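Residue numbers (the UniProt record's numbering), protein chains in the order written: chain A, 4 to 144; chain B, 6 to 144; chain C, 305 to 535; chain D, 1 to 68; chain E, 29 to 219; chain F, 6 to 95; chain G, 40 to 114.
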RNA sequence: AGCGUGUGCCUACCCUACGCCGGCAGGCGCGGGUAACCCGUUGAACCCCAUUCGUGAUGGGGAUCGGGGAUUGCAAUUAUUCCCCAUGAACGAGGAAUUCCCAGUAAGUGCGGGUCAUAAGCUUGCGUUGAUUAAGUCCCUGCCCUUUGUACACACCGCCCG
RNA sequence: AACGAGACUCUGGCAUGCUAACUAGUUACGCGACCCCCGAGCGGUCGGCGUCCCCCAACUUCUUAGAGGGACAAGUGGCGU
């Protein structure tokens, strides 16, 4: 199936687990000291947040035409509570997303293609739709 | 289950076994919530249970991982103090030493008698703030 | 307040309106219903006509003959009925007595024009006929409670043209549950069975004979007459 | 001797609306038919927005309205 | 059922209005049963137009109040789906008949108002519309659950389903049936 | 608990209350002359003269003498009044 | 404010009652465990997750912010 | 999701994609845009879905305050602005009084423009989510028209008595 | 008779009518390429998913902005001299 058919809350939670089994993703050392965005006030509860976020990275590339380190951050950014000052939007971290996308590219599930952005490899696109049916196999769509 | 112990004393502040581990530790000054969720993970223990469920062997390691943070590879920028000033090093300050350190810097800025110590001694706001409509104790 | 006192040559009279009303009330009982579709059949067919009536131009009706006791070793065995059954779900169905509320003119009897006021003042319309036809309302409800209907259906019908007592038009239908309806209209049958008791207190101690129980045409009182028989 | 014996809950319906009264227009004069007697009618003061033909719930019909 | 919507699971058949007074301003099943309570945003541009829209929707509207909850009608519908669910498990009924009793038992029979005489407060007893009763009864019980959950561990869903029970069977443990009787107790005095 | 021989007050008896809230329509008050049962005072029957201030009359945290005008025995509504009070009763 | 007592882990009487309160109560939410017993409330959340794995309770609805559980779904 | 805006202008200056380096602020290398053409298929917030906390001045609240890192400028001390760690106050629904509002309206929520070398808790516009209550009245406050009375016309805030 | 009110100007709401568009789209194939059998079938094809390919294709519903039309108390029932 196409990844469109299935729920997406389910998609990531099986795709994150998939990667961590296969020895995939060489992770940065900083992963236990990282706020993760400028608009947070705390570190994540999750201890495998890197695996989770790489799932959501590869999915969006399937849909849209692909874009760099800047655009990924804009997709993830949220609201910043400035305390006594009124809240405003802001963008999160960059150097995390710059490690994510290069780690994917090491596995050749993405690659720097033309028109100013990484795009997902046919090998990558194969692997997405492969586990997309595994979701329907599991529960029952 | 797990009836073994509850409220305890650690260095300089009494910490309850009632609360979760990270949030329990924050009561000690010089340690915020952000500082504790790091130090627990360097210690490689759960933060998903109560502070009364820690053993003596475990908490003995906690204070060591806390008070030598550079040697357990917590970055320098993540400390309270970087080059204190006139002491020459990166430092991490905890409960009763924090107050002692703090009182020194007040004394220093009246020693030289900068603008700072005068504002301190007069009991007026240090930073750029209006005091015309701010305060009252008086009226 | 003061009923129509018009003569029998007039449309709006007691007789012609009762003709009008009784003419329509059974016409719509069958218009509710699908005579070209399956009937539920009792093993006993109608005993008021033969089964050589193959037209199916009998009314939709079946006749319960039922048991009651009023005390004093009395055994009432009386005909009761339904007019239509409505498809439910889960193999169940809803028995219905159907009756029909006619109208002739709003403004000659201190009534409500239902066309203007059905949706907004749904309750006021039914309150009209607790002042103008309260006799007929509880009469119909008594029949529905005698039957033990699942839904009490009524039809709103009025004259198509208020000077033409022949042409009429359906305006709406509304299903009520007869027993919660009886809780609403302030009707109770505990009273009712002492009425029929009190009439049987007379006739039983009397001997056989054509005795007449009637209502006086100009006074509010009923009686039991002993007549020379065959009169 | 003790407390009181009171009449049961009555129901009476509008026949016509008359006009609004009170010192901010908050009260409404209305004519109502007793809903058991069709020649009986009382005038009332009713607070809420009313149309015509709707039914009220009177606790007594001893009370009667005038103007103030 | 295939020609008339339920509520997503709850029948609007076997639902009655047990007054003759307050029907034609309580309706829920004539054809007004729908899968969800929502509107396109027509609800009022005439005085009569208010009446038509469902009772279940009216309940959802008056549930979101006091600043932080305004303009969050979807969050509000979450509380209502749990309410009926809790009411059905807890007592076992068609859980709409609960609500209809709860509305009818909370509406006042007589009410007071003000009248100006001598520059001093005097009060006058007056009657109340059926449309007023419905509006008041929906207001009163929604204030109860809002009040209770302001420092309780209990969620608003739990509080609200409790409040419809004690209204549907009068017991004076609700904020509604209390406050109803307060008004009538005044209306007896000055009359 | 109850401070009095009967649990519920009668009709026309002198009692005492302690104000715990001030209402628009009068004063809703707790008893301390009986159980902590609720009793409602009404605005009309507090005085026979004008009233400028309002907190220089009735206010929270005051023992006030009053007369029980009516009681619903079954419901537990103790209607109350401060209109008929004499200093001798106080 | 006020002071209310709570317990973050079980002792004998709480735990033993917890197994026998189930058939006696039709509605079961973590909030109701807060009042009938003196229990934190977060303790009651995970306590009910345990019971569902035994099948001593039944799920009937679930959400992010509120969760309902029932006796055994029998009648 | 929408109204807009953008260097080639004032005298020295714009909006930013993409690549690389850094926890972050930020730095650095390249490219486009005179603009329904490039930024931007403006991949915004509330909302929605799943964990954690548990009635506790609590992890609610973020005032006060210590140390350190960046950016603008000729210069940042009485802290220009921004970021990181630590410190953790009042405040637990508010007296006498009083403001504003009738349908995509009130309220919640974000964004663009304006001032701008650096910088909105302001103002001006725009989208998004979206109720309750009324269909009235002259009671208060005030205004329009007629009639009436006046020692007033600097007009009742007027005028005037012992 | 004149000024103000109204009339007027702008804006919103109604067009599968009109006008015309690679600095705006849609549809249609031509497609070839990628993808998974995910459904009939076998993987092809038919169907589904977006992107590149798109034209000397077709069209202007959506988007854009111009010319026009449409609402007048017009029709019906009450009420008012």
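Don't be surprised by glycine CBs; every beta carbon is placed ideally from N, CA and C.
Discussion item. For a cutoff of 7 Å on Cβ pairs, would you count residue 82(F) as touching chain E?
Written reply: At least one CB of chain E lies nearer than 7 Å to the CB of residue 82(F).
Worksheet item: Taking just the CA atoms, how far does residue 162(E) sit from residue 75(F)?
Response: Cα-Cα distance, rounded: 30 Å.
Worksheet item: Quick one: what's got a C-beta closer than 7 Å to residue 98(G)'s C-beta in the same chain, skipping five residues either side?
Response: Excluding residues within five positions, the ones whose Cβ falls inside 7 Å are 91, 108.
Worksheet item: Relative to chain G, which residues along the stretch 6-38 of chain B have a C-beta separation below 8 Å, given in chain order?
Response: So the list reads 6, 7, 8, 23, given in the order they occur along the chain.
Item to complete: Check the Cβ-Cβ distances between residue 305(C) and every residue of chain D, and say whether any is below 7 Å.
Response: It does; some Cβ of chain D falls within 7 Å.
Item to complete: For chain B, find out if any of its Cβ atoms is closer than 7 Å to the Cβ of residue 48(G); answer yes or no.
Response: Answer yes: the Cβ-Cβ gap between residue 48(G) and chain B drops below 7 Å somewhere.
Item to complete: Answer yes if the stretch 144-159 of chain E comes into contact with the stretch 59-73 of chain E, meaning at least three C-beta pairs across the two stretches below 8 Å, and no otherwise.
Response: In this structure the stretch 59-73 of chain E does not touch the stretch 144-159 of chain E; the number of beta carbon pairs closer than 8 Å is below three.
Worksheet item: Does the distance from the CB of residue 43(E) to the CB of residue 118(E) come in under 7 Å?
Response: It is not a contact, given that the beta carbons lie outside the stated cut-off.
Worksheet item: Enumerated in chain order, which unbroken segments of the beta strand (DSSP E) with a length of 3 residues or greater are wholly contained in the stretch 498-531 of chain C?
Response: Entirely contained in the stretch 498-531 of chain C, the beta strand (DSSP E) runs reaching 3 residues are, in chain order, 515-519, 526-530.
Item to complete: Look at the alpha carbon of residue 1(D) and the alpha carbon of residue 14(F), and state the distance between them as a whole number of angstroms.
Response: About 16 Å.
Practice prompt. Might you give, ordered along the chain, the residues of its own chain that have their beta carbon closer than 6 Å to the beta carbon of residue 36(E), omitting 5 neighbours on each side?
Written response: Correct list, in chain order: 63.
Worksheet entry | Same chain, Cβ closer than 6 Å to residue 3(D), five either side skipped, listed in chain order | Closer than 6 Å at Cβ, skipping near neighbours: no residue.
Item to complete: Buried or exposed for residue 30(A), please, with buried defined as at least 16 other CB atoms from any protein chain shown within 10 angstroms of its CB.
Response: Exposed, since its Cβ has fewer than 16 Cβ neighbours within 10 Å.
Item to complete: Can you give me the start and stop residues for the alpha helix (DSSP H) that residue 57(G) sits inside?
Response: For residue 57(G), the enclosing alpha helix (DSSP H) begins and ends at 51-63.
Worksheet item: Nearest to residue 136(E) by alpha carbon, out of 68(D), 59(D), 34(D)?
Response: Ranking the options by Cα distance to residue 136(E), first place goes to 59(D).
Discussion item. Tell me the rounded alpha-carbon separation between residue 59(E) and residue 426(C).
Written reply: Distance between the alpha carbons of residue 59(E) and residue 426(C) is about 14 Å.
Worksheet item: What does a CB cutoff of less than 8 Å around residue 116(B) pick up in its chain, not counting 5 residues either side in sequence?
Response: Cβ within range, chain order: 122.
Item to complete: Compare the C-beta of residue 18(D) against all C-beta atoms of chain E and say whether one is closer than 7 Å.
Response: Answer no: the Cβ-Cβ gap between residue 18(D) and chain E never drops below 7 Å.
Discussion item. Residues of chain A with CB closer than 7 Å to the CB of residue 135(B), please, in chain order.
Written reply: Here the premise fails: no neighbours, minimum Cβ distance about 15 Å.
Item to complete: Let me know the secondary structure DSSP gives residue 24(A) once reduced to three states.
Response: In the structure shown, residue 24(A) falls within a helical segment according to DSSP collapsed to helix, strand and coil.
Item to complete: Please report the residue range of the beta strand (DSSP E) in which residue 65(A) lies.
Response: Segment 52-66 is the alpha helix (DSSP H) holding residue 65(A); no beta strand (DSSP E) there.
Discussion item. Let me see if you follow: with CB-CB separation under 7 Å, is residue 36(A) close to chain B or not?
Written reply: Yes, contact with chain B.
Item to complete: Tell me whether residue 412(C) is buried or exposed, calling it buried when 16 or more other Cβ atoms sit within 10 Å of its Cβ.
Response: Only exposed fits residue 412(C), as fewer than 16 other CB atoms lie within 10 angstroms of its CB.
Worksheet item: Got a sec: which bits of the stretch 49-64 of chain D sit with their beta carbon under 8 Å from any beta carbon on chain C, in order along the chain?
Response: Answer in chain order: 51, 52, 53, 54, 55.
Fill in: Under 9 Å by beta carbon: chain B residues contacting residue 45(A)
Neighbourhood of residue 45(A) in chain B, by CB distance below 9 Å: 38, 39, 42, in chain order.
Discussion item. Quick check on the burial criterion: 16 or more other C-beta atoms within 10 angstroms. Buried or exposed for residue 52(E)?
Written reply: Flag for residue 52(E) reads buried.
Worksheet item: Comparing alpha-carbon positions, which option in 81(F), 34(F), 41(F) lies nearest residue 63(F)?
Response: Considering only alpha carbons, the answer is 34(F).
Item to complete: List the residues that DSSP assigns as beta-bridge partners of residue 29(D).
Response: Secondary-structure assignment with DSSP links residue 29(D) through a beta bridge to 19(D), 45(D).
Worksheet item: How many Å lie between residue 39(F) and residue 201(E) at the Cα?
Response: Straight-line Cα distance between these residues: approximately 21 Å.
Practice prompt. With 7 Å as the threshold, decide whether the Cβ of residue 49(E) is near any Cβ in chain F.
Written response: With 7 Å as the cut-off, residue 49(E) does not count as an interface residue toward chain F.
Worksheet entry | Residues within the stretch 168-190 of chain E neighbouring chain G, beta-carbon criterion of under 7 Å | So the close ones are 181, 182, 183, 185, 186.
Worksheet item: Does any CB atom of chain E fall closer than 7 Å to the CB of residue 73(G)?
Response: Answer yes: the Cβ-Cβ gap between residue 73(G) and chain E drops below 7 Å somewhere.
Worksheet item: residue 68(G) touches chain E at which residues, Cβ-Cβ below 7 Å?
Response: Taking a Cβ-Cβ cut-off of 7 Å, the neighbours of residue 68(G) in chain E comprise 186, given in sequence order.
Worksheet entry | Given residue 203(E) as reference, the closest of 214(E), 175(E), 186(E) once Cα atoms are compared | Residue 203(E) has its Cα closest to that of 175(E), out of 214(E), 175(E), 186(E).
Worksheet item: In whole angstroms, what separates the C-alpha of residue 120(B) from that of residue 130(B)?
Response: Roughly 11 Å separates the two Cα atoms.
Fill in: Three or more C-beta pairs below 8 Å linking the stretch 163-174 of chain E and the stretch 187-194 of chain E
With a cut-off of 8 Å, the stretch 187-194 of chain E and the stretch 163-174 of chain E count as touching, because enough Cβ pairs lie within range.
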